[PDB]
């Protein structure tokens, strides 16, 4: 049945935790890495996206964006807009962009969940902005 450390929640074979003390994308992912096989959350299916949405939906109006583990280390130079990858190195096998970055001139190079989409869809976002964030890890 999957158990998790007190303070996180189980889904599938992973544990998930929302952190409200805001960090840049890089610093948030580094914080997640303190946990066993930890990284910013990767969203690998619609079902997982729904779970993550439910984890964060009660966050409160102080917050409209939450970091997830997707970033573009090509900083937009990938010829197709497809340099995006999960920090966990999982295959990108599910896509839930609010707006596809390939349609935006000079998009942000990290991705967040947006309150406007009930935290179900991804918004390109400035990596240097400090946001709350969700970690996905094993126990």
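Positions refer to the first chain, counted from 1.
- Message: Mean Cα B factor from the PDB record: higher for 5-13, or higher for 124-132?
- Response: Looking at the record's C-alpha B-factors, the answer is 5-13.
- Task: On mean C-alpha B-factor from the PDB entry, just flag whether 21-29 or 113-121 is the higher one.
- Result: Going by the record's values, the stretch with the higher mean is 113-121.
- When you compare the CA B-factors of 49, 69, 76, 38 as listed in the entry, which one comes out on top? Highest C-alpha B-factor among the listed options: 76.
- Query: Against its chain's modelled residues, does residue 82's Cα B factor rank lowest, middle or highest third?
  - Reply: It belongs to the highest third of the chain when residues are ordered by C-alpha B-factor.
- Chain-relative CA temperature factor third for residue 104: According to the entry, residue 104 has a C-alpha B-factor in the chain's middle third.
- Rank-wise, by C-alpha B-factor, drop residue 44 into the lowest, middle or highest third of its chain. According to the entry, residue 44 has a C-alpha B-factor in the chain's lowest third.
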